[PDB]
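Asks: Taken in order, these protein sequences are the chains called A, E, D, X, P, Z and F. Using this note's numbering, read the first sequence as starting at 1 and increasing by one per residue. Using this note's numbering, read the second sequence as starting at 1001 and increasing by one per residue. Using this note's numbering, read the third sequence as starting at 2001 and increasing by one per residue. Using this note's numbering, read the fourth sequence as starting at 3001 and increasing by one per residue. Using this note's numbering, read the fifth sequence as starting at 4001 and increasing by one per residue. Using this note's numbering, read the sixth sequence as starting at 5001 and increasing by one per residue. Using this note's numbering, read the seventh sequence as starting at 6001 and increasing by one per residue. Each residue gets a CB set at the ideal place from its N, CA and C atoms; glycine is no exception. Sharing a structure, written as structure tokens. Questions coming.
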Amino acid sequence: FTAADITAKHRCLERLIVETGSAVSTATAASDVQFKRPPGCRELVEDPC
Amino acid sequence: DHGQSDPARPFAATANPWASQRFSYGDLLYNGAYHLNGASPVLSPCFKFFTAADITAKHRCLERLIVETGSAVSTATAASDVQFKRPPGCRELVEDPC
Amino acid sequence: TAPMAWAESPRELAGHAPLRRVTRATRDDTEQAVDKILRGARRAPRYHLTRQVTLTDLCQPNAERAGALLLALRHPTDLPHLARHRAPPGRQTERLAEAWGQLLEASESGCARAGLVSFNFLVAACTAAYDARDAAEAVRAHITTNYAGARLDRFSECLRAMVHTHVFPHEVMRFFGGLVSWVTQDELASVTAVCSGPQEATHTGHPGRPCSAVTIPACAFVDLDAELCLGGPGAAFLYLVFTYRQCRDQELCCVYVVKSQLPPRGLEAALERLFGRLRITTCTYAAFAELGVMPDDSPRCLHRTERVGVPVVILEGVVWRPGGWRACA
Amino acid sequence: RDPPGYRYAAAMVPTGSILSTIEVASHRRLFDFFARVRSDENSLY
Amino acid sequence: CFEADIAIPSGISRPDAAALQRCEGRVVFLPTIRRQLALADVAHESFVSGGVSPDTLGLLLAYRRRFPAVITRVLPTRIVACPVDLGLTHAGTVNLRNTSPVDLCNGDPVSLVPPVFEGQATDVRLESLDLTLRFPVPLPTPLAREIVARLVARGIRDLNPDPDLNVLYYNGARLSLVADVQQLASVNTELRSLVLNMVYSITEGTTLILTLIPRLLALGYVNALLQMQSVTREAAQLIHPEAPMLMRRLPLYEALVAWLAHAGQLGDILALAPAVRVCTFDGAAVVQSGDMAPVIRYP
Amino acid sequence: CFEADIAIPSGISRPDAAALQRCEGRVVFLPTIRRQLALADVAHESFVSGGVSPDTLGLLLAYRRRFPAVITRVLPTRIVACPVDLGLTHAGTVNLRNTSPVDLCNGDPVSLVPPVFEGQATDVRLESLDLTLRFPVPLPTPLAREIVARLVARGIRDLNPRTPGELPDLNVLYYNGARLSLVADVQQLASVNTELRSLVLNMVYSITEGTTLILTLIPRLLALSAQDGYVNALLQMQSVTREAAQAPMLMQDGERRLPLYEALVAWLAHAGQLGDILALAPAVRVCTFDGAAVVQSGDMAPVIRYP
Amino acid sequence: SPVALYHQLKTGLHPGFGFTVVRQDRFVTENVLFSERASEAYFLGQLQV
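Structural data, given as structure tokens:
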């Protein structure tokens, strides 16, 4: 839903592997519930979905 | 003191009475004590001639006066597109007999 | 020998090394000229110099000396536009127009702006204003005989007109530096002065060129309000305060320096006290700025000779560290 | 507004010794030119 | 200086590479001071937060949370920007680029969000790699604060409307505010959310003191001193607002908490603390618009 | 770096000296800017005003006065702390040890707080020489300003007890998850007075003639309360403004003043800066060069000068 | 009147009086400088940086 995010992705089988490391989500592991990533947070999940 | 005569031309007092006299129209227009101009950057050629305060302030000894003519500071600048009045910072060292 | 290995500096360097470890006369000069550059180069941030060109109308570097406060005078051209707004309507905002013009009349745009008001020139302009006199007027005698009473009077009329219409002397006149070397010509001056860093370490010498000494002498026994009436040894601090009169005295201008150990969040409190001038009741007086630290309490000196006999207070060592203006109330 | 000051060049070689040890600030009112520098100062050099 | 080297992405068009070359001397906000950073991390597409591109308020938040670094050298396949916050104060003179008013020999430039002036003007898009850069405008602190308050002032009149704020001569220059057209509609739509937090924090502040003062001093030195210097000021404002308005210690105190926080959060956003100063030398002393200006790290 | 040395007095203990070894990275308040200082000028025994230990609103006023210094290193006979209020001029970033349940993030301005949490603790005792050390709790200014507001209002609820004896919480916060329970213990007249005095004083100066032009807009706000999802969120459920609606007045003095603009400036100065006057403003902000984007509780936060 | 003199001067009437034009012209010239054996002293110092 959005597709700005999905749009903001690439579809490059050339690139599709290297932003794989980049993760399409914004949380951190030290919270209680998974939150929205605070601004201080930076990220590199592999985010398949 | 137009009751007297004109040193340069002794037989007459003024050529233009509308200029050579104090509080005369020309005097009002070009003399610097009044400074209508002063807001504007452009040089006034006549500001040199009408200005007793400036004309008087000098000394009379020709000994010097000729050597300070060789290196006078011009009232203008050569650095503008229209000839301006020489600004505050910097010297020219023109010659300027007038 | 042991006193110079530390003075001429090797030992710290050795520790560093171990870590890694485990026309004839002209020719002579060129060789020496080179040495100086290399040594200066091998050697090697405690200093900053700002440089500016202005006129001698206001200010004037020659009258002043080795240690002096120069204040900037921002937006001369601007001010009239500012006066119309931020001033309650019954303030006759046409007062400044003439007053700045009046100040200027006493003495265009050209190519050298008149920036750089000296500390001195404020002490004289407000001398009769702030409530002390002839220790204050001795400074006024200094400026009339070196720097014109007209300009002082014109500029005083401007300060009155400014404090009148809610355009203050601050929000104008920020700190500029310590006046290293002027280099003037005719009506022109190129003023080098320290943006920040310590003063005593600059051109130095007895005097930096041949007149005398160096100091940040407050110039007033009238200024140099020395706080810490009750005090403990600590780095002293230096602020810049403008005190005003809003019909109590008809737009009074007070300008002086305070020297005490309080971090600006504590100066606003001590400025609330020590002033009975708070009975303005629109709102506002007493802005202050920190000139910089004097990281030693002791150099404040008592002397009266300068230029005429003036009360001059000598401040030994200063690290100008200017900061911003804060007056909200 | 001040006396010509003190000669540091002269006094590099003194012509005599002061035999006392006192605090001279107390006697400050006795002198024409008195300077007190704590552990060195710039004008000396 | 601690240079941080931003990595240009893969092949970019020749007109884009010339767009970056012209970006030397521009302020970047870098999220972390890591020596190696990507370009996408800096690009304006990295300011997205709530799924949207941030408004002028959302920007001013971010400008207070990341590190501005001036661009020193742009190299193909790098960008070298030296963060303003790091190192000793009064050191690391790096050149800026002036945008709009002059930037005289001092005055501590603030980097305020771009939309305050021509909106899209300064977007600097790069199509090849599909990203964009909005560089903040370097304005002096007195003028930057005058402007940002000047526009939210104009913003409220617009909120409900039936003396021009928009002239604003700064020093010699009369800086035009309005670009007319629909730019105002674009400017006013982005200040929309900043105006409200301003309107709210005022209306919520007064009504909270106007309820508290009469619901306090009626329960010592509090009473006397309060009404003493508040004569015809707080009390008069109390009768007048209570005249054209409505009137609970328990909700009072719990609302006084939530306001007191929200307030200072706006004072932080607002006041545009200066990033740098200008201290020149052997320089013009006034930096004409679009000219590189010396600048140093602390006010 | 103008470091201030602090001489462990002597006495001390094998166990007490091991306690000071782990106090590096913590904060000290010194009542001067010095080069030579005594260990006892820093101790909590120095915070004692005449005869009395200040409460937890009294400390904020004591930390208002004096200078925060972060301990850099501790030597056998001295403690080295560089006075952030002054000697913050380091090329890189002195280490602050996060002591708090909280977590810094990156860029968070850090203002300090007396210890104030139920699980907070933080007092340190040294038996050889009678003295103790309470180290302030570093905390993001958003959170540290929420706390001070809680302590202020709680001390103000208490000045006048009328309504029944069950009041709202005000003693409990949330930062992210993690309920944070403040310590409710004592409130002292003088400590609450000044905090109330300056609160009342500043909220008055933020009201001007142009302010009335804004109060006109309350009915307009609630029109937005309800037709936008934002502006809906803006108005807190417990919003007096909501209860304040449950107008120009002519009187324009010649029409060229611009009271709106002037009203903003006035409000922004006095009311905008209240976290700062009620409490001590941030002088530091977390910055991490290694690119770690938070600071766990108990870790060392690389810290850089003022936000 | 100065409005009248506008209509005249523009339209080419002589309004009973006349002016004297003044202008200041500046020239780049070429000079010769004689000098005697010792016309100066000109002492020389010691460099530095």
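#1: Run down chain E in chain order and give the residues with a C-beta less than 8 Å from the C-beta of D:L2188.
#2: Name, please, each residue of chain D whose Cβ falls closer than 7 Å to the Cβ of E:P1045.
#3: Give, in chain order, every residue of the stretch 1030-1062 of chain E whose Cβ lies closer than 8 Å to some Cβ of chain D.
#4: For Z:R5256, count the other beta carbons within 10 Å of its own beta carbon; 16 or more makes it buried, fewer makes it exposed. Which is it?
#5: Can you list the residues of chain D that Z:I5147 reaches, using a CB-CB cut of under 8 Å?
#6: Using DSSP with H/G/I as helix, E/B as strand and the rest coil, what is Z:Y5306?
#7: Distance cutoff 8 Å, beta carbons only. Does X:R3029 sit that close to anything in chain D?
#8: Under a Cβ-count criterion, where at least 16 other Cβ atoms within 10 Å of its own Cβ denotes burial, should D:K2259 be classed as buried or exposed?
#9: Using the C-alpha atoms, what's the distance from Z:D5103 back to A:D32?
#10: Let me confirm a value: X:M3012 is counted as buried when at least 16 other C-beta atoms fall within 10 Å, else exposed. Which label applies?
#11: Work out the CA separation of F:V6049 and D:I2037 for me, nearest whole Å.
#12: Where P:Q4021 and P:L4131 are concerned, what is the direct C-alpha to C-alpha distance, given to the nearest angstrom?
#13: So, does the CB of P:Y4221 fall closer than 8 Å to a CB anywhere in chain D?
#14: Using a beta-carbon distance cut-off of less than 8 Å, what residues from the stretch 2023-2046 of chain D approach chain F?
#15: Please list the partners that Z:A5144 has in chain A, where partner means a Cβ-to-Cβ separation under 9 Å.
#16: Is it the case that the stretch 4290-4299 of chain P contacts the stretch 5065-5072 of chain Z, given that we only count it when at least three CB pairs across the two stretches are under 8 Å?
#17: Cβ atoms of Z:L5112 and Z:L5278: under 8 Å apart, would you say?
#18: Check whether the stretch 4182-4202 of chain P and the stretch 4234-4252 of chain P are in contact - that is, three or more C-beta pairs closer than 8 Å.
#19: Let's see if you can read the secondary structure: which residues bound the beta strand (DSSP E) around Z:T5072?
#20: Z:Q5273 bridges to which residues according to DSSP?
#21: Would you say P:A4007 and P:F4029 are within 8 Å of each other, going by their C-beta atoms?
#22: Can we say the stretch 2161-2180 of chain D touches the stretch 2193-2204 of chain D, given the rule of at least three CB pairs closer than 8 Å?
#23: Does any residue of chain A bring its CB to less than 8 Å from the CB of Z:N5202?
#24: With a threshold of 8 Å, are at least 3 pairs of Cβ atoms found where one atom belongs to the stretch 4082-4091 of chain P and the other to the stretch 4113-4127 of chain P?
#25: Roughly how many angstroms lie between the CA atoms of E:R1091 and Z:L5274, to the nearest whole one?
#26: Exposed or buried, which one is D:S2118 when buried takes at least 16 other CB atoms within 10 Å?
#27: Of all the options D:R2021, D:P2080, D:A2213 and D:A2135, which has the alpha carbon lying nearest to the alpha carbon of D:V2308?
#28: How big is the Cα-Cα spacing for Z:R5179 and Z:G5119?
#29: Which stretch, first to last residue, makes up the alpha helix (DSSP H) that contains D:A2289?
#30: At what residues does the beta strand (DSSP E) containing D:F2237 begin and finish?
#31: Does the stretch 4202-4210 of chain P come close enough to the stretch 5201-5212 of chain Z that 3 or more CB-CB pairs lie under 8 Å?
#32: Secondary structure at P:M4292, three-state DSSP: helix, strand or coil?
#33: Buried or exposed: which applies to E:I1066, given that a residue is buried once 16 or more other Cβ atoms fall within 10 Å of its Cβ?
#34: Find the residues of chain D that neighbour F:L6047, judging by a C-beta separation of less than 8 Å, and give them in chain order.
#35: Do you know whose CA, among P:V4137, P:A4004, P:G4011 and P:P4009, lies nearest P:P4274's CA?
#36: Z:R5097: which of Z:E5024, Z:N5106, Z:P5109 and Z:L5037 sits nearest, CA to CA?
Replies: Inspection of the coordinates gives the following:
#1: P1088, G1089 and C1090
#2: Scanning chain D for C-beta atoms nearer than 7 Å to the C-beta of E:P1045 yields nothing, as the closest lies near 18 Å away.
#3: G1038, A1039 and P1041
#4: With fewer than 16 other Cβ atoms within 10 Å, it is exposed.
#5: For Z:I5147, there are no C-beta contacts with chain D under 8 Å, since the nearest C-beta of that chain is about 19 Å from it.
#6: In the displayed model, Z:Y5306 falls within coil according to three-state DSSP, outside both helix and strand.
#7: no
#8: buried
#9: Using only the alpha carbons, I get a separation of about 13 Å.
#10: Counting Cβ neighbours within 10 Å, X:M3012 comes out exposed, since fewer than 16 surround it.
#11: 8 Å
#12: Their backbone Cα atoms lie some 16 Å apart in a straight line.
#13: no
#14: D2029, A2033, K2036, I2037 and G2040
#15: By Cβ distance, chain A contributes nothing, its closest Cβ being about 17 Å from Z:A5144, past 9 Å.
#16: no
#17: no
#18: The way I'd put it, the stretch 4182-4202 of chain P doesn't touch the stretch 4234-4252 of chain P; fewer than three beta-carbon pairs between them come closer than 8 Å.
#19: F5067 to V5074
#20: BP columns for Z:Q5273 are empty, so no partner.
#21: no
#22: Touching, yes, given that three or more Cβ pairs across the two stretches are closer than 8 Å.
#23: no
#24: No, they do not touch.
#25: Here the alpha carbon of E:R1091 sits roughly 55 Å from the alpha carbon of Z:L5274.
#26: So D:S2118 ends up on the buried side.
#27: D:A2135
#28: 11 Å
#29: No alpha helix (DSSP H) contains D:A2289, which is instead part of the beta strand (DSSP E) from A2287 to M2294.
#30: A2236 to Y2244 is the extent of the beta strand (DSSP E) around D:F2237.
#31: Enough Cβ pairs lie closer than 8 Å, so yes.
#32: strand
#33: exposed
#34: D2029 and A2033
#35: P:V4137
#36: Z:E5024
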